[PDB]
Structure formats: structure tokens, C-alpha cells
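K.L.:
Fold the following for me, if possible:
(one chain, ligands or ions: 1)
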Amino acid sequence: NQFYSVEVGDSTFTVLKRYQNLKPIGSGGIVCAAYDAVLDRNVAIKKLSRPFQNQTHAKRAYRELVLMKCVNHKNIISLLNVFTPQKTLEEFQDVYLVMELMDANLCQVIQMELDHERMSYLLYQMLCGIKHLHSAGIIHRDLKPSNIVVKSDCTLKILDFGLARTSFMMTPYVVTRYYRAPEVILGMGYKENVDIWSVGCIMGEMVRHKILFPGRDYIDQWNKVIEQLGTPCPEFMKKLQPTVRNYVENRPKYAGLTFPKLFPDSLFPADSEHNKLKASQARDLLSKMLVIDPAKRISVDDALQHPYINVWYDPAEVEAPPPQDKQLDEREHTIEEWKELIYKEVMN
Ligand SMILES: COc1cc2c(cc1Cl)C(c1cccc(Br)c1)=NCC2
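P.N.:
Residues are numbered from 1 along each chain as shown. The coordinates are given below.
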């Protein structure tokens with residue numbers, strides 16, 4: 001048998017014999033660190049249990065399997081291996097995904113104090129990933145630090161591909177909503193720079209070491225947004241559904257704090273002239289990203305050319321090739337049907 005099983009937490013991991021020494025690293029997909037004897041290197045292994053179990057699990061598992069293939073960029077996840085220990089479609093239960101192991105998630109990194117060099121390099125890489133996604137026709141809409149990983153050398157990868165076209169799940173785990181753009185919160189149409197919002201949230205948490213827009217749900221969250229950024233102006237409301245527009249115009253109204261107030265000099269390295277200049281530059285970029293109205297929010301291409309960001313700028317990394325299904329995102333199936341779609345993709 002080419003497989004063996006081991007208990008990793010209260011999960012069984014049945015994996016190819018090449019992967020040894022499974023240490024758990026993730027939960028909520030369960031994720032392990034292992035050593036790959038064939039490649040003589042460390043890897044992350046993630047187990048999807050019955051990913052065909054419902055539409056939500058299935059749409060995501062399937063979509064991200066196929067989207068893996070038409071994407072190739074150092075700032076986006078790529079798989080080393082995909083396998084199932086089960087021998088037939090009938091017996092099929094689990095998919096395991098393998099990638100090169102990384103050192104930390106972005107949550108852990110946000111907790112640290114970081115110089116402008118590492119901070120701006122992280123942000124540059126997020127923009128490169130997002131640009132590559134956009135160039136392939138993928139608007140993420142759901143970036144969060146928990147799905148971003150870093151190596152010690154500050155290299156970065158995005159691990160998921162966001163939302164599709166919902167959506168109920170009987171699990172006790174919560175969806176993190178804090179990085180979603182106003183237009184996602186308020187059910188608007190969106191464009192590429194929806195993902196710029198998420199980046200500002202992350203950048204801002206890196207400075208503040210505190211989630212920018214928290215809340216039980218979108219009600220609390222929207223309050224957190226207008227009380228810091230202030231009520232959006234008339235022409236923003238005009239693009240809201242008449243029902244959403246009513247509720248938004250009827251909330252307590254705010255002037256909104258300035259960006260020096262939101263992010264004082266005290267939060268920044270500002271001990272040399274270099275850092276004083278970078279502080280101003282960081283704040284200026286934040287002020288252009290954390291913009292409620294997407295018509296005035298900065299684009300990915302403009303953010304890449306921002307002074308804070310452009311010191312890293314590489315044509316290789318920015319204007320990388322956009323390769324390579326179609327009706328993916330809009331498809332609707334049953335358990336039986338998603339099981340086979342998934343099995344086919346795991347087996348090729
Ligand atoms: C610290 O290293 C990691 C930590 C995690 C993950 C990947 C890596 Cl490389 C994944 C992940 C995500 C997709 C596929 C695979 Br394989 C792994 N999820 C969150 C924890």
C-alpha cells in the first residue's frame with residue numbers, strides 16, 4: 001500500500017509514505033507540517049474531508065482545484081501534489097493538498113513590529129498576487145491575513161481564491177468579515193479595486209496591531225467604518241440599491257477622523273529622516289486604499305506605483321503572464337455530482 005494513516009489531533013491523516021513526521025499547524029481543511037522524503041524538503045499537507053458534502057464546501061474545493069492550474073505566480077499558492085487515498089469514485093472521501101512549507105501566517109506577522117522595508121515588501125507582494133489574480137479574471141473579494149503565509153525571508157503567498165458568484169454551513173466556525181470592502185458589505189457591484197480595500201485593512205492592522213473594522217456582523221462592522229472614515233458622500237449613496245441606500249442614509253452621521261488621527265506618528269518608525277519620510281508615504285497610501293467609494297479608491301496599478309511600494313517594482317513580478325473551465329463560478333450541482341467533479345480533478 002502506498003499510504004499510511006496517523007492521528008494528527010483528533011484527525012486521521014492517510015497520506016503517501018513519502019510524507020513523514022506530521023506536525024499539526026492548522027485547523028478550521030486541517031493542516032499539517034511534514035517532511036517529503038522524495039523531494040527532500042518540508043511541505044504543508046491539508047486534508048479536505050468529504051468536500052462534496054455540501055454546495056459551499058464543494059464549490060470552493062472544486063473551484064480552487066481548477067483555479068490552481070490556470071495560475072502561476074510566486075505570490076500565489078501552488079501545489080506540489082494532490083491525492084486521494086481512496087481507490088474508487090464509490091469509496092472517495094478525502095482530498096489532500098500538498099505545498100512547500102512556509103514559516104508563519106500573516107496574523108502572526110501583524111503582531112510584530114516591522115520596519116518599512118519588510119512592511120512595504122509584504123504589501124508589494126500582496127499587490128503582485130492580486131494583480132496576477134485580476135489578470136486571470138479572479139477578483140478575490142475576501143482577502144484576510146489568515147490565508148496569507150510568509151517565509152522568514154519575507155517572501156509571501158496568498159492561499160485562497162476568494163468568493164465566486166450564498167451559502168449556509170452547519171459548522172461552529174465563524175467567517176471573518178473584517179477585510180471585506182463596503183461594496184461587499186453593502187451588496188454592491190464591484191470591480192478589481194475591491195481587493196485594494198482588503199489590503200488597506202491589512203496594512204492598517206500592521207500599523208495599529210488591532211483589527212480596523214470589527215463587528216458581530218455587517219451592522220457593527222459598517223458602524224466601525226463610518227465612525228473612522230466618516231459617512232460617505234451623496235454620490236456614493238446614489239449607487240446603492242434603494243433598500244440599502246435607505247438604511248445607510250439613516251445611520252448616525254459622521255465627519256470621520258483624518259488619517260494622521262487614525263494613524264498617528266507614534267505608530268510608526270520615525271527616528272531617522274528616512275523613516276519620517278516613509279511614515280508620510282505609508283499614511284498617504286493608507287489614505288488612498290481605505291476609501292469607502294470605489295470610484296475614488298486607488299487601483300492596484302496605482303498602488304504598485306505608490307512611492308511606498310515602487311522601490312520593489314519589478315516588471316517580471318508585476319506584468320507576469322495571465323494564463324490559462326469558464327462556467328466555473330456559476331455552476332450548480334448535487335452531492336453525487338460535485339463528488340465526481342472533484343474526483344475527476346483529483347485524478348486528472
Ligand atoms: C505555515 O505554513 C502554512 C500554513 C497554512 C497553510 C499553508 C502553509 Cl505553507 C494553509 C494551506 C492552504 C491551502 C493548501 C495547503 Br496544502 C495549505 N492553510 C493555513 C495554514
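
K.L.:
Which positions in the chain make contact with the ligand?
P.N.:
25-26, 31, 44-46, 77, 97-99, 101-102, 104-105, 149, 159 (Cβ under 6 Å from any ligand atom). The way it works is simple: take the backbone N, C-alpha and C, and place the C-beta from them, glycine included.

K.L.:
Among these, which one has the most neighbours?
P.N.:
residue 45 (27 neighbours; other Cβ atoms under 10 Å).

K.L.:
how about that residue, secondary structure?
P.N.:
strand (DSSP: H, G, I helix; E, B strand; the rest coil).

K.L.:
surely it meets residue 19?
P.N.:
Yes - if you go by Cβ atoms under 8 Å, residue 45 and residue 19 touch, sitting 6.2 Å apart.

K.L.:
May I have stretch 116-133 as PDB, with CA atoms only?
P.N.:
C-alpha atoms of stretch 116-133 as PDB (Å, rounded to 0.1, in the frame of the first residue of the first chain):
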ATOM      1  CA  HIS A 116       9.200  50.000   6.500                       C
ATOM      2  CA  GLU A 117      11.300  47.700   4.400                       C
ATOM      3  CA  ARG A 118       9.600  44.400   5.400                       C
ATOM      4  CA  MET A 119       6.300  46.100   5.700                       C
ATOM      5  CA  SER A 120       6.400  47.600   2.200                       C
ATOM      6  CA  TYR A 121       7.800  44.400   0.700                       C
ATOM      7  CA  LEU A 122       5.000  42.300   2.200                       C
ATOM      8  CA  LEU A 123       2.500  44.900   0.800                       C
ATOM      9  CA  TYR A 124       4.200  44.900  -2.700                       C
ATOM     10  CA  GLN A 125       3.900  41.100  -2.900                       C
ATOM     11  CA  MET A 126       0.200  41.200  -1.900                       C
ATOM     12  CA  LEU A 127      -0.300  43.600  -4.800                       C
ATOM     13  CA  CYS A 128       1.600  41.400  -7.200                       C
ATOM     14  CA  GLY A 129      -0.500  38.400  -6.200                       C
ATOM     15  CA  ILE A 130      -3.800  40.400  -6.500                       C
ATOM     16  CA  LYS A 131      -2.600  41.800  -9.900                       C
ATOM     17  CA  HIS A 132      -1.900  38.300 -11.200                       C
ATOM     18  CA  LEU A 133      -5.300  37.100 -10.000                       C
END
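
K.L.:
got a list of what residue 347 touches?
P.N.:
Applying Cβ atoms under 8 Å, 6 or more residues apart in numbering, we find residue 347 in contact with residue 84.

K.L.:
what are the phi and psi values for it?
P.N.:
The phi/psi pair for residue 347 (degrees, to the nearest 10) reads phi -100, psi -10.

K.L.:
Would you mind measuring from it to residue 84?
P.N.:
Separation of residue 347 from residue 84 (Cβ to Cβ, to the nearest Å): 7 Å.

K.L.:
Over to residue 247?
P.N.:
To residue 84, residue 247 is 46 Å away according to Cβ to Cβ.

K.L.:
Of those two, which one has the most company?
P.N.:
residue 84 (20 against 13).

K.L.:
wait, doesn't that one sit right on residue 94?
P.N.:
Yes - in this structure, residue 84 is within contact of residue 94 by Cβ under 8 Å, at 6.2 Å.

K.L.:
between these two, what contacts are shared?
P.N.:
In contact with both residue 84 and residue 94: no residue, using Cβ under 8 Å, 6+ apart.

K.L.:
now the helices for the stretch 101-250 of the chain?
P.N.:
Ranges of helices in the stretch 101-250 of the chain, per DSSP state H, counting those that start in this stretch, are 106-110, 116-135, 182-185, 194-208, 218-229, 234-237, 242-249.
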